[PDB]
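Q: Pasting a structure below so you can have a look.
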Amino acid sequence: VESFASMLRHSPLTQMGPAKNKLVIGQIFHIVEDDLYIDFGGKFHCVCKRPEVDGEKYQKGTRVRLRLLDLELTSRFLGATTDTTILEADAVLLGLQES
Amino acid sequence: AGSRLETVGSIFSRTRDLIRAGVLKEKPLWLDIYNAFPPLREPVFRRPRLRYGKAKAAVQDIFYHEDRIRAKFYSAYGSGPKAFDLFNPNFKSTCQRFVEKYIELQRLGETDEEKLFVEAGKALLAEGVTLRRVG
Amino acid sequence: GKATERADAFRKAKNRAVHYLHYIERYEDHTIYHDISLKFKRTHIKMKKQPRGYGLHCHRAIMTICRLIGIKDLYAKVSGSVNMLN
Amino acid sequence: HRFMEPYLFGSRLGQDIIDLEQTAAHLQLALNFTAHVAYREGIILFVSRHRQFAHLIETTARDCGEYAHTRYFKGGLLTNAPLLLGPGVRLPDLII
Amino acid sequence: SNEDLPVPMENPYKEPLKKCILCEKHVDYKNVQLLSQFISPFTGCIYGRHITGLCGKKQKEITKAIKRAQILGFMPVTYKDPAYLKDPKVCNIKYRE
Amino acid sequence: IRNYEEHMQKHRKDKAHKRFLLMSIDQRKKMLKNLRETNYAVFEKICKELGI
RNA sequence: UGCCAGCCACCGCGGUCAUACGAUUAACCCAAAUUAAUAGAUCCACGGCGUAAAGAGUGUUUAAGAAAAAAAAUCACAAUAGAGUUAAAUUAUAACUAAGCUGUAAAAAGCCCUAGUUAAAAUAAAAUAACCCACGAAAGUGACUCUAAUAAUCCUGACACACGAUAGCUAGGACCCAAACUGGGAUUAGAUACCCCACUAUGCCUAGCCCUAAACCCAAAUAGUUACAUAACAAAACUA
Ligand SMILES: [K+]
Ligand SMILES: [Mg+2]
Ligand SMILES: [Mg+2]
Ligand SMILES: [Mg+2]
Ligand SMILES: [Mg+2]
Ligand SMILES: [Mg+2]
Ligand SMILES: [Mg+2]
Ligand SMILES: [Mg+2]
Ligand SMILES: [Mg+2]
Ligand SMILES: [Mg+2]
Ligand SMILES: [Mg+2]
Ligand SMILES: [Mg+2]
Ligand SMILES: [Mg+2]
Ligand SMILES: [Mg+2]
Ligand SMILES: [Mg+2]
Ligand SMILES: [Mg+2]
Ligand SMILES: [Mg+2]
Ligand SMILES: [Mg+2]
Ligand SMILES: [Mg+2]
Ligand SMILES: [Mg+2]
Ligand SMILES: [Mg+2]
Ligand SMILES: [Mg+2]
Ligand SMILES: [Mg+2]
Ligand SMILES: [Mg+2]
Ligand SMILES: [Mg+2]
Ligand SMILES: [Mg+2]
Ligand SMILES: [Mg+2]
Ligand SMILES: [Mg+2]
Ligand SMILES: [Mg+2]
Ligand SMILES: [Mg+2]
Ligand SMILES: [Mg+2]
Ligand SMILES: [Mg+2]
Ligand SMILES: [Mg+2]
Ligand SMILES: [Mg+2]
């Protein structure tokens, strides 16, 4: 039986370090007319817009490349006891995954 | 009929007290399961007071000696050319490989950080990976 | 229970009373376990344990509650505001 | 939240990490408690006000044969049950 | 016996704090060019922190250095010296739209 | 205390320094009393030398 | 009987349908006593001081008292008192042009010794920096320069010592500008008010006095705790 502490040490999330400026691949699980809901393995799902080039091949289950900036968008405003989360993540599109 | 006070105590505490009192003559079915299997913490209502003064939280930061090595690699070479993949439980990142070879190299008895860092970079170059220095 | 008519006021209060029930522990079913001193809002009420012989020397509202609960030996002193609800 | 401090293994770069060892201990009792109340012919209600798994949770209860309520929760549902649902209504014996 | 537990160390990823434009530099009341870049060319007012961007230490020193030059006779008061009108722009305010 | 008195003789209308002069005298007066009740031999020498 | 005659220990009753006045029936409670009047027993705070009566305008010290575990001389910036200095505006004043100039929701009065432009002392006040929060015990201080300079090896403390915005008084000097009082215009039923124009005390410097403020952050000083726990409202609660 592997102790839980050992699992965190070798987990890919811990090996990433800071989430800012990290090249992480993700998979699309929901498609709107202009918004691509991408899951990159983090806690939440980042949202990006379809690029004007090769936009027809961004379908469900397609793998894309992301540049994570904040793992979870969250800020504190005055008069708020607890921070108001956005339940999303911030990322940008660098293209499609090169199979 | 029953008790509807949330702050008096747990659901178990009120139910067994009413039964012992003699008002609830029909024992609820979930009560027997509760006696045999109790939870870790009895559900007692408590007011979420806000922390004032010098008191802080007891949550510890998760830091490792590996993280100290990873900071130097990220500061110098930035993010590695390999793309991180979180879907693979057994994924081996370029930085993780750098740390693993750094640990093995320092087992030879080397103490200088500069020697450890440079040799690890040369050792990675022998494996074919790219380590284009930033700036 | 509050309503426009006094007769309807009594009916609402009785039915809503059985919904909120406490169980008060009674040492030997004649007294509280130990002396209790509390300050609810702006009402200071202090109660003391008593033996079997000397019973029910308390505020006239407390005596009514004590007879319903079952306590038969108690001493209570009320200080500050004497508002019935508090 | 202040009450979740004991259940937190630690914080990793501002991100809290939940101690799964305590999760396994709690989940073992939760599943064990859930089965027993189902064994005794108990009503189980799935409640989840989240608009991303509402359909999945609703379908999950249908397969198990139990009830689900992932829609808007009315004010006097569980408390004023006779008026909301019907004259004689059996209240759920467990809520998930 | 478990070596996998985290150690109580400081954060290794603490990026160095941002430096102001004039950090570690010596302001003076004799170099008009340095003092002139933080003055509105049309009116002669002194820009605040939200426009200059300097820290809390080099903002007061610039203010005191400028006002010393106003009275001692080293720079104009009601307008920016036209000789230094072509210096690189450091402020974040735009007049032309 | 001597420095404040020299300053006071020049700037007579200064009130911030006059308060400092009075408080400095009171503090020295308090400390002299404490010294007297502990070490009389040293207190006599200090009193004679400084002219207090 | 009809806010009349009268009643009450406190709250109150009576204004043509009073369980409160007066009488009657009935009832209640004490009883050889009952009721009224005045004294006395008893009764305030081991409670409170943001909003309620309550932290005194400030600091030091004397009398007095606390110490008991630990630990603690501060600090870029506008403290204060002297000496020197002036950028922007305004005015005396001169030249030139113009016949009007000031003023209001709208006008009148005032000015025409005026207005615009150019040149320019003295006095007074200190744009932007300041979306900064520093110095002093408080009241206070933010144009520039120099000199002097911000007690205590780091507890509490008065009726004692020292200080205390602004208005006001006494003597001398200054007077751009603002301006109680006063005069004129307008408004109004009246306007000894709001609005407009003129001008004085005075706001300023030197020396003395007065010692008052919503002197309010309505929250006393020194050490601490976030435990217990929501009257209301406000700036969360509490211990020595
Ligand atoms: K000025
Ligand atoms: Mg009362
Ligand atoms: Mg009578
Ligand atoms: Mg009659
Ligand atoms: Mg009567
Ligand atoms: Mg009568
Ligand atoms: Mg008061
Ligand atoms: Mg008060
Ligand atoms: Mg006082
Ligand atoms: Mg005092
Ligand atoms: Mg003494
Ligand atoms: Mg002076
Ligand atoms: Mg006229
Ligand atoms: Mg003129
Ligand atoms: Mg003159
Ligand atoms: Mg200020
Ligand atoms: Mg002090
Ligand atoms: Mg000091
Ligand atoms: Mg003292
Ligand atoms: Mg005065
Ligand atoms: Mg005055
Ligand atoms: Mg005066
Ligand atoms: Mg007089
Ligand atoms: Mg005079
Ligand atoms: Mg005058
Ligand atoms: Mg005038
Ligand atoms: Mg008049
Ligand atoms: Mg004040
Ligand atoms: Mg006061
Ligand atoms: Mg005070
Ligand atoms: Mg005091
Ligand atoms: Mg002190
Ligand atoms: Mg304190
Ligand atoms: Mg309320």
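Chain labels follow the order of the structure tokens: the first chain is A, the next B, and so on; residue numbering restarts at 1 in every chain, and ligands are counted from 1 in their shown order.
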Once you count only C-alpha atoms (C1' of nucleotides) and all ligand atoms, which residues end up within 9 Å of ligand 16, and could you hand them over as a PyMOL selection string?

A: chain G and resi 78+130+133-134+142

Q: Show me which residues sit within 8 Å of ligand 27 when counting only C-alpha atoms (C1' of nucleotides) and all ligand atoms, and put them as a list in words.

A: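 If we count only C-alpha atoms (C1' of nucleotides) and all ligand atoms, the neighbours of ligand 27 turn out to be residues 183, 184 and 192 of chain G.
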
Q: Return as a PDB file with C-alpha atoms (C1' of nucleotides), in the first residue's frame the residues of protein, DNA or RNA that approach ligand 3 to within 12 Å, with only C-alpha atoms (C1' of nucleotides) and all ligand atoms taken into account.

A:
ATOM      1  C1'   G G   6     -67.352  63.980  43.269  1.00  0.00           C
ATOM      2  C1'   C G   7     -63.214  59.723  43.278  1.00  0.00           C
ATOM      3  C1'   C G   8     -57.750  57.792  43.142  1.00  0.00           C
ATOM      4  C1'   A G  20     -64.513  53.718  39.084  1.00  0.00           C
ATOM      5  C1'   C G  21     -69.215  59.364  41.689  1.00  0.00           C
ATOM      6  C1'   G G  22     -73.742  58.875  45.542  1.00  0.00           C
ATOM      7  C1'   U G  35     -59.266  52.354  57.429  1.00  0.00           C
TER       8        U G  35
END

Q: Identify, on the basis of only C-alpha atoms (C1' of nucleotides), every residue whose closest approach to region 39-43 of chain D does not exceed 10 Å; exclude the query and any residue fewer than 6 positions from it along the same chain; express the result as a ChimeraX atom specification.

A: /B:29-30,33 /D:33,65-67,90-95

Q: Take the residues from that selection and put them in a file with C-alpha atoms, as a CSV table (one decimal), in the first residue's frame.

A:
chain,number,residue,atom,x,y,z
B,29,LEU,CA,-35.3,3.2,11.2
B,30,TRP,CA,-32.1,5.1,10.8
B,33,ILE,CA,-27.9,2.1,12.1
D,33,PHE,CA,-24.3,3.9,6.2
D,65,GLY,CA,-34.4,3.3,-8.4
D,66,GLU,CA,-34.0,6.2,-5.9
D,67,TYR,CA,-35.2,9.8,-6.1
D,90,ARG,CA,-43.5,9.9,3.8
D,91,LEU,CA,-40.5,12.0,4.3
D,92,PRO,CA,-37.1,10.7,2.9
D,93,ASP,CA,-35.1,8.7,5.4
D,94,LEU,CA,-31.7,9.9,3.9
D,95,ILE,CA,-30.5,12.8,1.8

Q: May I have the residues of chain G within 12 Å of chain C, counting only C-alpha atoms (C1' of nucleotides), written as a PDB file with N, CA and C atoms (P, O5', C5', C4', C3', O3' and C1' of nucleotides), in the first residue's frame?

A:
ATOM      1  P     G G  47     -19.495  44.341  39.180  1.00  0.00           P
ATOM      2  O5'   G G  47     -20.899  45.088  39.265  1.00  0.00           O
ATOM      3  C5'   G G  47     -22.092  44.458  38.824  1.00  0.00           C
ATOM      4  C4'   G G  47     -23.064  45.461  38.259  1.00  0.00           C
ATOM      5  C3'   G G  47     -22.626  46.168  36.985  1.00  0.00           C
ATOM      6  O3'   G G  47     -22.842  45.404  35.812  1.00  0.00           O
ATOM      7  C1'   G G  47     -23.379  47.770  38.526  1.00  0.00           C
ATOM      8  P     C G 228     -14.810  29.068  22.262  1.00  0.00           P
ATOM      9  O5'   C G 228     -15.785  29.784  23.297  1.00  0.00           O
ATOM     10  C5'   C G 228     -15.946  29.277  24.613  1.00  0.00           C
ATOM     11  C4'   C G 228     -16.624  30.278  25.512  1.00  0.00           C
ATOM     12  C3'   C G 228     -17.894  30.908  24.966  1.00  0.00           C
ATOM     13  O3'   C G 228     -19.033  30.077  25.107  1.00  0.00           O
ATOM     14  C1'   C G 228     -16.504  32.593  25.858  1.00  0.00           C
ATOM     15  P     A G 229     -19.942  29.734  23.827  1.00  0.00           P
ATOM     16  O5'   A G 229     -20.566  31.138  23.408  1.00  0.00           O
ATOM     17  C5'   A G 229     -21.397  31.860  24.304  1.00  0.00           C
ATOM     18  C4'   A G 229     -21.484  33.320  23.937  1.00  0.00           C
ATOM     19  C3'   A G 229     -22.072  33.636  22.572  1.00  0.00           C
ATOM     20  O3'   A G 229     -23.488  33.596  22.562  1.00  0.00           O
ATOM     21  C1'   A G 229     -20.109  34.908  22.900  1.00  0.00           C
ATOM     22  P     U G 230     -24.279  33.326  21.191  1.00  0.00           P
ATOM     23  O5'   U G 230     -24.279  34.741  20.464  1.00  0.00           O
ATOM     24  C5'   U G 230     -24.833  35.888  21.090  1.00  0.00           C
ATOM     25  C4'   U G 230     -24.257  37.152  20.506  1.00  0.00           C
ATOM     26  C3'   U G 230     -24.978  38.447  20.847  1.00  0.00           C
ATOM     27  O3'   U G 230     -24.604  38.963  22.113  1.00  0.00           O
ATOM     28  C1'   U G 230     -24.506  38.372  18.522  1.00  0.00           C
ATOM     29  P     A G 231     -25.703  39.615  23.088  1.00  0.00           P
ATOM     30  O5'   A G 231     -26.457  40.680  22.175  1.00  0.00           O
ATOM     31  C5'   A G 231     -26.979  41.870  22.744  1.00  0.00           C
ATOM     32  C4'   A G 231     -28.467  41.990  22.528  1.00  0.00           C
ATOM     33  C3'   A G 231     -28.903  42.746  21.281  1.00  0.00           C
ATOM     34  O3'   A G 231     -28.898  41.945  20.113  1.00  0.00           O
ATOM     35  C1'   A G 231     -30.077  43.582  23.142  1.00  0.00           C
ATOM     36  P     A G 232     -28.190  42.477  18.773  1.00  0.00           P
ATOM     37  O5'   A G 232     -28.928  43.852  18.459  1.00  0.00           O
ATOM     38  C5'   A G 232     -30.259  43.871  17.966  1.00  0.00           C
ATOM     39  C4'   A G 232     -30.796  45.278  17.871  1.00  0.00           C
ATOM     40  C3'   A G 232     -29.998  46.237  17.005  1.00  0.00           C
ATOM     41  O3'   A G 232     -30.306  46.111  15.629  1.00  0.00           O
ATOM     42  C1'   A G 232     -30.490  47.268  19.071  1.00  0.00           C
TER      43        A G 232
END

Q: Determine, counting only C-alpha atoms (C1' of nucleotides), which protein, DNA and RNA residues have an atom within 9 Å of an atom of region 8-25 of chain D; residues of the same chain fewer than 5 positions away are not included. Present the result as JSON, numbers by chain.

A: {"A": [3, 4, 14, 17, 18, 71, 72], "B": [40, 59, 60, 61, 62, 63], "D": [30], "E": [11]}

Q: Generate a file of the selected residues that holds C-alpha atoms, formatted as a PDB file, in the first residue's frame.

A:
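Listed below is the output, again-v2.pdb:
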ATOM      1  CA  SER A   3       1.155   6.167   1.435  1.00  0.00           C
ATOM      2  CA  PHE A   4      -0.789   9.239   0.351  1.00  0.00           C
ATOM      3  CA  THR A  14       3.364  18.849  -7.969  1.00  0.00           C
ATOM      4  CA  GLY A  17       5.516  23.941  -9.881  1.00  0.00           C
ATOM      5  CA  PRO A  18       4.036  27.401 -10.387  1.00  0.00           C
ATOM      6  CA  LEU A  71      -4.833  27.495 -12.250  1.00  0.00           C
ATOM      7  CA  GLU A  72      -8.028  28.982 -10.793  1.00  0.00           C
TER       8      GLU A  72
ATOM      9  CA  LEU B  40     -16.105  10.327  13.319  1.00  0.00           C
ATOM     10  CA  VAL B  59      -2.308  24.624   7.504  1.00  0.00           C
ATOM     11  CA  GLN B  60       1.268  23.849   6.478  1.00  0.00           C
ATOM     12  CA  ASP B  61       2.781  24.682   3.108  1.00  0.00           C
ATOM     13  CA  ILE B  62       3.607  21.716   0.873  1.00  0.00           C
ATOM     14  CA  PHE B  63       7.273  22.189  -0.032  1.00  0.00           C
TER      15      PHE B  63
ATOM     16  CA  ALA D  30     -20.730   7.016   4.305  1.00  0.00           C
TER      17      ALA D  30
ATOM     18  CA  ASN E  11       8.789  29.461  -0.715  1.00  0.00           C
TER      19      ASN E  11
END

Q: Provide as a ChimeraX atom specification the residues of chain C at most 10 Å from chain B, counting only C-alpha atoms.

A: /C:15,17-25

Q: Which chain G residues are at most 8 Å from chain E (counting only C-alpha atoms (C1' of nucleotides)), as a PyMOL selection string?

A: chain G and resi 76-77+86-88+128-129+131-132+144

Q: Could those residues be written to a file, using C-alpha atoms (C1' of nucleotides), as a PDB file, in the first residue's frame?

A:
ATOM      1  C1'   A G  76      13.003  58.654   4.243  1.00  0.00           C
ATOM      2  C1'   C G  77       8.369  62.440   4.476  1.00  0.00           C
ATOM      3  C1'   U G  86       9.776  84.127  -4.034  1.00  0.00           C
ATOM      4  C1'   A G  87       7.391  81.443  -8.017  1.00  0.00           C
ATOM      5  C1'   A G  88       1.647  82.020  -9.970  1.00  0.00           C
ATOM      6  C1'   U G 128      -0.277  70.183  -9.438  1.00  0.00           C
ATOM      7  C1'   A G 129       2.872  66.712  -6.016  1.00  0.00           C
ATOM      8  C1'   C G 131      -5.190  58.180  -5.523  1.00  0.00           C
ATOM      9  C1'   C G 132       0.819  59.815  -0.359  1.00  0.00           C
ATOM     10  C1'   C G 144      12.227  77.164  -0.670  1.00  0.00           C
TER      11        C G 144
END

Q: Distance limit 12 Å, reference ligand 29, atoms considered: only C-alpha atoms (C1' of nucleotides) and all ligand atoms. Which residues make the cut? Give them as a list in words.

A: residues 49, 50, 54, 55, 56, 57, 213, 214, 215, 216, 217, 218, 219 and 220 of chain G

Q: Give as a JSON list (two decimals) with N, CA, C and O atoms, in the first residue's frame every residue of chain B that touches chain G within 8 Å, counting only C-alpha atoms (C1' of nucleotides).

A:
[["chain", "number", "residue", "atom", "x", "y", "z"],
["B", 51, "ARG", "N", -11.78, 34.89, 12.55],
["B", 51, "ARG", "CA", -10.56, 34.91, 13.35],
["B", 51, "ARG", "C", -10.02, 36.34, 13.44],
["B", 51, "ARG", "O", -9.74, 36.96, 12.41],
["B", 52, "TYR", "N", -9.87, 36.84, 14.66],
["B", 52, "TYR", "CA", -9.33, 38.17, 14.91],
["B", 52, "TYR", "C", -8.03, 38.06, 15.69],
["B", 52, "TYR", "O", -7.82, 37.11, 16.45],
["B", 53, "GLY", "N", -7.15, 39.04, 15.49],
["B", 53, "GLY", "CA", -5.94, 39.13, 16.29],
["B", 53, "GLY", "C", -4.73, 38.47, 15.66],
["B", 53, "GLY", "O", -4.58, 38.45, 14.44],
["B", 55, "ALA", "N", -3.98, 35.28, 15.83],
["B", 55, "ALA", "CA", -4.20, 33.88, 15.49],
["B", 55, "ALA", "C", -4.17, 33.68, 13.98],
["B", 55, "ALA", "O", -4.76, 34.46, 13.22]]

Q: Using only C-alpha atoms, tabulate the residues of chain B lying at most 9 Å from any atom of chain A, each with its closest atom pair and that distance in Å to one decimal, by chain and increasing residue number, as CSV.

A:
residue,atom,partner,partner_atom,distance
B:50,CA,A:81,CA,8.6
B:64,CA,A:9,CA,8.2
B:66,CA,A:15,CA,8.6
B:67,CA,A:17,CA,7.3
B:70,CA,A:17,CA,7.4
B:71,CA,A:17,CA,8.0
B:74,CA,A:17,CA,8.7
B:78,CA,A:21,CA,8.6
B:79,CA,A:22,CA,6.1
B:80,CA,A:23,CA,8.4
B:81,CA,A:23,CA,8.4
B:82,CA,A:23,CA,8.0
B:83,CA,A:23,CA,5.3
B:84,CA,A:24,CA,4.8
B:85,CA,A:25,CA,5.9
B:86,CA,A:41,CA,5.2
B:87,CA,A:41,CA,6.0
B:88,CA,A:12,CA,8.1
B:89,CA,A:11,CA,6.9
B:90,CA,A:11,CA,7.8
B:91,CA,A:12,CA,6.4
B:92,CA,A:12,CA,7.5
B:93,CA,A:15,CA,7.3
B:95,CA,A:15,CA,7.3
B:96,CA,A:15,CA,6.3

Q: I need the residues from that last selection saved to file as an mmCIF file, in the first residue's frame (with N, CA, C and O atoms), if you can.

A:
data_model
loop_
_atom_site.group_PDB
_atom_site.id
_atom_site.type_symbol
_atom_site.label_atom_id
_atom_site.label_comp_id
_atom_site.auth_asym_id
_atom_site.auth_seq_id
_atom_site.Cartn_x
_atom_site.Cartn_y
_atom_site.Cartn_z
ATOM 1 N N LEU B 50 -15.279 34.502 12.946
ATOM 2 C CA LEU B 50 -14.169 35.022 12.163
ATOM 3 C C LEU B 50 -12.960 35.235 13.065
ATOM 4 O O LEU B 50 -13.089 35.705 14.199
ATOM 5 N N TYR B 64 9.042 20.754 -0.837
ATOM 6 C CA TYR B 64 9.969 19.634 -0.812
ATOM 7 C C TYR B 64 11.339 20.098 -1.281
ATOM 8 O O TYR B 64 11.477 21.137 -1.930
ATOM 9 N N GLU B 66 12.863 18.708 -3.569
ATOM 10 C CA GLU B 66 12.757 18.689 -5.024
ATOM 11 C C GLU B 66 12.311 20.045 -5.555
ATOM 12 O O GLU B 66 12.798 20.504 -6.595
ATOM 13 N N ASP B 67 11.386 20.702 -4.850
ATOM 14 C CA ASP B 67 10.885 21.998 -5.300
ATOM 15 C C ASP B 67 12.005 23.025 -5.386
ATOM 16 O O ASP B 67 12.015 23.870 -6.289
ATOM 17 N N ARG B 70 13.703 22.390 -8.561
ATOM 18 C CA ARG B 70 12.846 22.761 -9.683
ATOM 19 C C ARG B 70 12.828 24.268 -9.906
ATOM 20 O O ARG B 70 12.668 24.723 -11.044
ATOM 21 N N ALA B 71 12.979 25.054 -8.838
ATOM 22 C CA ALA B 71 12.997 26.506 -8.986
ATOM 23 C C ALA B 71 14.188 26.964 -9.816
ATOM 24 O O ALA B 71 14.054 27.852 -10.667
ATOM 25 N N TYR B 74 13.551 26.050 -13.532
ATOM 26 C CA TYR B 74 12.554 26.933 -14.129
ATOM 27 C C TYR B 74 13.098 28.346 -14.301
ATOM 28 O O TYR B 74 12.790 29.017 -15.292
ATOM 29 N N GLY B 78 13.492 27.998 -17.991
ATOM 30 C CA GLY B 78 12.073 28.191 -18.209
ATOM 31 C C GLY B 78 11.340 26.861 -18.256
ATOM 32 O O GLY B 78 11.790 25.849 -17.713
ATOM 33 N N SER B 79 10.190 26.864 -18.920
ATOM 34 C CA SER B 79 9.438 25.634 -19.109
ATOM 35 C C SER B 79 10.103 24.793 -20.189
ATOM 36 O O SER B 79 10.485 25.311 -21.243
ATOM 37 N N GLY B 80 10.243 23.496 -19.928
ATOM 38 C CA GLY B 80 10.898 22.601 -20.852
ATOM 39 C C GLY B 80 10.148 22.478 -22.163
ATOM 40 O O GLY B 80 8.946 22.750 -22.241
ATOM 41 N N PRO B 81 10.853 22.084 -23.228
ATOM 42 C CA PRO B 81 10.167 21.898 -24.521
ATOM 43 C C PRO B 81 9.052 20.868 -24.467
ATOM 44 O O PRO B 81 8.040 21.022 -25.162
ATOM 45 N N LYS B 82 9.208 19.819 -23.662
ATOM 46 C CA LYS B 82 8.157 18.819 -23.523
ATOM 47 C C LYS B 82 6.915 19.437 -22.894
ATOM 48 O O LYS B 82 7.009 20.269 -21.987
ATOM 49 N N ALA B 83 5.748 19.038 -23.393
ATOM 50 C CA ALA B 83 4.477 19.545 -22.895
ATOM 51 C C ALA B 83 3.996 18.682 -21.736
ATOM 52 O O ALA B 83 3.960 17.452 -21.844
ATOM 53 N N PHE B 84 3.639 19.330 -20.630
ATOM 54 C CA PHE B 84 3.133 18.610 -19.470
ATOM 55 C C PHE B 84 1.781 17.979 -19.778
ATOM 56 O O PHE B 84 0.926 18.586 -20.428
ATOM 57 N N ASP B 85 1.589 16.752 -19.303
ATOM 58 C CA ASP B 85 0.343 16.018 -19.492
ATOM 59 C C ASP B 85 -0.117 15.497 -18.140
ATOM 60 O O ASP B 85 0.568 14.673 -17.526
ATOM 61 N N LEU B 86 -1.268 15.977 -17.678
ATOM 62 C CA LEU B 86 -1.793 15.614 -16.370
ATOM 63 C C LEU B 86 -2.717 14.408 -16.417
ATOM 64 O O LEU B 86 -3.126 13.914 -15.362
ATOM 65 N N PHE B 87 -3.061 13.925 -17.612
ATOM 66 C CA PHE B 87 -3.920 12.754 -17.719
ATOM 67 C C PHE B 87 -3.179 11.465 -17.400
ATOM 68 O O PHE B 87 -3.815 10.481 -17.009
ATOM 69 N N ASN B 88 -1.856 11.445 -17.557
ATOM 70 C CA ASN B 88 -1.077 10.237 -17.325
ATOM 71 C C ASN B 88 -0.624 10.187 -15.873
ATOM 72 O O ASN B 88 0.158 11.051 -15.451
ATOM 73 N N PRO B 89 -1.085 9.217 -15.078
ATOM 74 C CA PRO B 89 -0.624 9.136 -13.683
ATOM 75 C C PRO B 89 0.873 8.931 -13.550
ATOM 76 O O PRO B 89 1.476 9.425 -12.590
ATOM 77 N N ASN B 90 1.496 8.213 -14.487
ATOM 78 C CA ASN B 90 2.924 7.929 -14.443
ATOM 79 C C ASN B 90 3.726 8.844 -15.361
ATOM 80 O O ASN B 90 4.774 8.441 -15.877
ATOM 81 N N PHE B 91 3.254 10.069 -15.578
ATOM 82 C CA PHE B 91 3.950 10.992 -16.463
ATOM 83 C C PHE B 91 5.281 11.415 -15.856
ATOM 84 O O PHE B 91 5.385 11.655 -14.651
ATOM 85 N N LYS B 92 6.302 11.502 -16.702
ATOM 86 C CA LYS B 92 7.641 11.913 -16.293
ATOM 87 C C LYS B 92 7.995 13.197 -17.031
ATOM 88 O O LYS B 92 8.273 13.172 -18.236
ATOM 89 N N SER B 93 7.987 14.313 -16.310
ATOM 90 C CA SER B 93 8.284 15.604 -16.906
ATOM 91 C C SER B 93 9.785 15.770 -17.120
ATOM 92 O O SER B 93 10.608 15.058 -16.537
ATOM 93 N N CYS B 95 11.488 18.438 -16.199
ATOM 94 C CA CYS B 95 12.008 18.924 -14.926
ATOM 95 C C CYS B 95 12.132 17.792 -13.914
ATOM 96 O O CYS B 95 13.104 17.734 -13.153
ATOM 97 N N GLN B 96 11.152 16.885 -13.889
ATOM 98 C CA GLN B 96 11.224 15.745 -12.979
ATOM 99 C C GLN B 96 12.420 14.859 -13.302
ATOM 100 O O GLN B 96 13.094 14.358 -12.394
#

Q: I need the helix (DSSP H, G or I) residues of region 4-53 of chain D per DSSP on the backbone, written as a list in words.

A: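 Filtering region 4-53 of chain D to helix (DSSP H, G or I) leaves residues 4, 20, 21, 22, 23, 24, 25, 26, 27, 28, 29, 30, 31, 32, 33, 34, 35, 36, 37, 38 and 39 of chain D.
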
Q: Taking only C-alpha atoms (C1' of nucleotides) and all ligand atoms into account, which residues are within 12 Å of ligand 25, as a ChimeraX atom specification?

A: /G:123,174-179,199-204

Q: Go through the chains and note each residue within 10 Å of ligand 24, using only C-alpha atoms (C1' of nucleotides) and all ligand atoms, then give the set as a count of residues only.

A: 7

Q: Residues of chain E were defined as contacting chain D if any atom lay at most 12 Å from it, counting only C-alpha atoms; please report them as a list in words.

A: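 Listed by rising number, the hits are residues 5, 6, 7, 8, 10, 11, 12, 13 and 14 of chain E.
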
Q: Can you write just those residues out, C-alpha atoms, as an mmCIF file, in the first residue's frame?

A:
data_model
loop_
_atom_site.group_PDB
_atom_site.id
_atom_site.type_symbol
_atom_site.label_atom_id
_atom_site.label_comp_id
_atom_site.auth_asym_id
_atom_site.auth_seq_id
_atom_site.Cartn_x
_atom_site.Cartn_y
_atom_site.Cartn_z
ATOM 1 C CA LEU E 5 6.232 14.604 4.364
ATOM 2 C CA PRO E 6 6.845 18.247 3.395
ATOM 3 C CA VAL E 7 9.596 20.193 5.142
ATOM 4 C CA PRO E 8 9.008 23.636 6.770
ATOM 5 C CA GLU E 10 10.336 29.176 2.734
ATOM 6 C CA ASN E 11 8.789 29.461 -0.715
ATOM 7 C CA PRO E 12 11.502 28.854 -3.356
ATOM 8 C CA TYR E 13 9.411 30.407 -6.157
ATOM 9 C CA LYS E 14 9.266 33.925 -4.668
#

Q: Distance limit 10 Å, reference ligand 20, atoms considered: only C-alpha atoms (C1' of nucleotides) and all ligand atoms. Which residues make the cut? Give them as a ChimeraX atom specification.

A: /G:139,164-167,210-212
